[PDB]
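Q: Dumping the structure here so I can ask a few things about it.
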Amino acid sequence: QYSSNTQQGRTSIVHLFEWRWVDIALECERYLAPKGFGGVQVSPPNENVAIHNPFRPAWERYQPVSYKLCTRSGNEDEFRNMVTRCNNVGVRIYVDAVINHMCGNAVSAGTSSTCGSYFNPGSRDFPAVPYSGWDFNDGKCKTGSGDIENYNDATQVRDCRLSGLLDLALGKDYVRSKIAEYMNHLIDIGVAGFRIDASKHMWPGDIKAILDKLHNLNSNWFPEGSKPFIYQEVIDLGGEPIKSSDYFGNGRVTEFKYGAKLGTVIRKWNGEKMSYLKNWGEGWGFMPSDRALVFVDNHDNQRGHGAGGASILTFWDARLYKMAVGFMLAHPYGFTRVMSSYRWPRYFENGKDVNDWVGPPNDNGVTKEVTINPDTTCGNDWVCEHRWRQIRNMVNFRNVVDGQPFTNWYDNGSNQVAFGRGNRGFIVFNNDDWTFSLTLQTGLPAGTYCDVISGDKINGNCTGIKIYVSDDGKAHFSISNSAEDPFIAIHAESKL
Ligand SMILES: C[C@H]1O[C@H](O[C@H]2[C@H](O)[C@@H](O)[C@@H](O)O[C@@H]2CO)[C@H](O)[C@@H](O)[C@@H]1N[C@H]1C=C(CO)[C@@H](O)[C@H](O)[C@H]1O
Ligand SMILES: OC[C@H]1O[C@H](O)[C@H](O)[C@@H](O)[C@@H]1O
Ligand SMILES: [Ca+2]
Ligand SMILES: [Cl-]
């Protein structure tokens, strides 16, 4: 469950949040494969409640109606088409698996669902599965409301309804088997692994019992005995009875400490400075690197949901965001996930984004296609951070330096830092209010290297900055504090 199952020399996954299957399939072929992306985390592919108030929110996808592969992202044919086409170009699919719960207990009965399946939350009837009243935790939960009231109580966090979401009885073999059926369907199609949604809300032992029932990965694409990559969503910043480590037996775990702390550092809040990143990783109290799924922001905290707080960096803060993502992708700690977002009409009323619910770009609820602008950015309000040169090139930086040790660290005691990865890559940051101008040991072979932040190598030349490494590995770097991208990165494959 710990191995990503990505192609050798591909080290990141990108969350193509709310993208349609046909768009992802094309994206794999035209972009993700040639740019060296390891894989795609997709939005939940299973049927959900069509919520009309508010109008088709992002969060409707986290209210299951059945396990039919039928969503705003597309139908089963399109899903199968996407996984095949992506695997065929060496790009993996990871499914957002919503298995803790069905929909909200107060959602109306009917066929307001993405495939038109009937469901009745009040009577606990989901006949397209099927689930009945016997399949939920109503009798197991011990709170007055039936919902989670207190995170200091590990039991109710597991047995009670998250925000009123009907809590599946995962202690039952029937329920475990229905979920395993869904996941095995996905595995056989060719899915490489799963983001396990709301993992904190399930007993580690129940997740395990579900995982016990799963097939090995599709043997046309994956070596015999390959197990699905598992990464579990557990928000653990400390101070709760449930710990990220409780889930290590099942796979990797999201390290939410990662983006919270990095955001604070890059913003220079709370007295934090980039020089403090010298011991980034386990030295910052983070989980073991071999279990961490790391990211700057995710689909929840980029809009203030879940954990996060104000420190989280997102596309809205493009300049600091790129630096934070650049730092993540250069540093060996964790397995990296890059966010890919859509723009929504962000509108604050007393410190709250009243539009944090808004779903993907749409015309009357129909998800808009991802259009590609001439310059390879996206139209239709898709942000496509993964296509921003500064991020895409850092994705390849991580591939190039894979397995190389953190080395040649420099800092000025403030916010000017640099480090290398073995003899394969070097990166330099200026987050101070003055110019960073200095000759530094890069650990790299002598030569002319294209800075992959400002530009690209195109056979024999660079479209941006050029860095000159002399015979002793030293190179001069000059980064103004006024630089729009106040960092530079060079690696073995950017050498002329
Ligand atoms: C959105 C988020 O809610 C929960 O998170 C809480 C943390 O667990 C607490 O430690 C504390 O920080 O408060 C948080 C906010 O309530 C929950 O535990 C997470 O699992 C949840 N995230 C996902 C689950 C969903 C339900 O399917 C979705 O709404 C959401 O998009 C998921 O990413
Ligand atoms: O500002 C606080 C920091 O000061 C010190 O320089 C330590 O290296 C670091 O661990 C500590 O957190
Ligand atoms: Ca539960
Ligand atoms: Cl997540």
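Numbering starts at 1 and runs along the chain as displayed.
Header entry for method reads X-ray crystallography, 2.1 Å.
Using N, Cα and C of the backbone, Cβ positions are placed for all residues, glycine too.
Pulled from Swiss-Prot, these are the listed features:
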ACT_SITE  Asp197  active site, nucleophile
ACT_SITE  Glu233  active site, proton donor
BINDING   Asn100, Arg158, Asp167, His201  Ca(2+) binding site
DISULFID  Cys28-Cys86  disulfide bond
DISULFID  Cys70-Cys115  disulfide bond
DISULFID  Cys141-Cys160  disulfide bond
DISULFID  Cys378-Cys384  disulfide bond
DISULFID  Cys450-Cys462  disulfide bond
CARBOHYD  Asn412  N-linked glycosylation site
CARBOHYD  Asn461  N-linked glycosylation site
MOD_RES   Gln1  pyrrolidone carboxylic acid
MOD_RES   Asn350  deamidated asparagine
MOD_RES   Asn412  deamidated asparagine
MOD_RES   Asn459  deamidated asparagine
Q: Using DSSP, would you call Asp167 (Ca(2+) binding site) helix, strand or coil?
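A: Where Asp167 (Ca(2+) binding site) sits, the three-state DSSP reduction gives strand.
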Q: Within 10 Å of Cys141 (disulfide bond), Cα to Cα, which of the recorded positions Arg158, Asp167, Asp197, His201 are there?
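A: Those close enough are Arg158, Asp167.
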Q: Neighbourhood of the Ca(2+) site (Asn100, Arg158, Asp167, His201): other residues with Cβ within 8 Å of the Cβ centroid, in order?
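A: Apart from the listed residues, the neighbours are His101, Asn137, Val157, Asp159, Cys160, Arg161, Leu162, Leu168, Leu170, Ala198, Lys200, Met202.
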Q: Please tell me which one of the recorded positions listed here (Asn100, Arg158, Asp167, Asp197) sits closest to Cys28 (disulfide bond), measuring Cα to Cα?
A: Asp197
Q: On a simple 10 Å Cβ count over all chains shown, which one of the disulfide-bonded residues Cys115, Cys141, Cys450, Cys462 is most densely packed?
A: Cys450
Q: Can you give me the same-chain residues 6 or more apart in sequence from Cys378 (disulfide bond) with a CB-CB distance under 8 Å?
A: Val370, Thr371, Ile372, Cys384, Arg387
Q: I'd like to verify something. Among the recorded positions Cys70, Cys115, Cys141, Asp197, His201, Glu233, which ones have a C-beta closer than 6 angstroms to some atom of ligand 4?
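A: Going through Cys70, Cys115, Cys141, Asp197, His201, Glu233 in sequence order, those close to ligand 4 turn out to be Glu233.
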Q: Which number gives the other C-beta atoms within 10 angstroms of the C-beta of the residue listed as 'pyrrolidone carboxylic acid', all protein chains shown included?
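A: Summing over all protein chains shown, the residue listed as 'pyrrolidone carboxylic acid' has 18 other Cβ atoms within 10 Å.
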